[PDB]
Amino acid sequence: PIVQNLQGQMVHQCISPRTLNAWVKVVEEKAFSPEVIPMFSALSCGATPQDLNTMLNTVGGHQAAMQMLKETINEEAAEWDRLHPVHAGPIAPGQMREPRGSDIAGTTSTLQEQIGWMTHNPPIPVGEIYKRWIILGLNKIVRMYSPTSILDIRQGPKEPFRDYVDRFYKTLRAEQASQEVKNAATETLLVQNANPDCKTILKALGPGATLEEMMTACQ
């Protein structure tokens, strides 16, 4: 990654064994549960493209997912190239060249080039641009590997309401509900999918109840 040192300057540091191990372990334990994405983001703080590729390459399993991620990256890189075509022909001696999509993804750029872009004034934040593409791909994979529709999350007759709500919002997270549903699912589907006894109580609360109020009512 690129870090600031103790005297305020941006320099390259090796990825730590701790970081490497943390990432491998989170993939091993959590697969593509939604919470893997914020963990990736955090563990890739300051990452170069080379570092991001390192992280992805350390994943041993989940190769269907890793191929989908490559496809996503290739699409974003192609879009980059449409928006930001570079002049061809030899680079001015000693001067920074313009990154193409493949350079952002670290396939056709050196570490030295990546460092140069990321620490330029003003910077071309190739680490952050690539990380965005990766996260886009990861979110697609999370959605793919989500096993259950929100339509199929219904409170059992002997299921505590809190347990149901846990399942409901964990499923919405994976399914990657748009903000309206996340926000309002409370008013709609959460009540509809409750068991008959809790549904009766929730209906009687009337509109605008907080989740705290609902959970209290159905305790």
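The first residue of the shown sequence is 1; numbering continues from there.
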Report task. Specify whether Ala194 falls into a modelling gap in a third or more of the other PDB entries of this protein. Result -> no
Query raised in the report: Between us, would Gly137 come up missing in a third or more of the other compared entries?
Result: no
**Report entry** 85-93 or 104-112, whichever carries the higher mean Cα B-factor
**Finding:** 85-93
Requested in this report: Quick one: say whether 49-57 or 176-184 has the higher mean Cα B-factor in the deposited entry.
Outcome: 176-184
Query - Maximum C-alpha temperature factor, selected from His62, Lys70, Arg167, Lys158 - result: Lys158
Query raised in the report: Among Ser146, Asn139, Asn74, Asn121, which carries the highest Cα B-factor?
Result: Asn121
Requested in this report: Relative to the other modelled residues of the same chain, rank the CA B-factor of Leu189 and answer lowest, middle or highest third.
Outcome: middle
Report summary line: So, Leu151's CA B-factor, relative to its chain, sits in which third? The middle
Requested in this report: Relative to the other modelled residues of the same chain, rank the CA B-factor of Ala31 and answer lowest, middle or highest third.
Outcome: highest
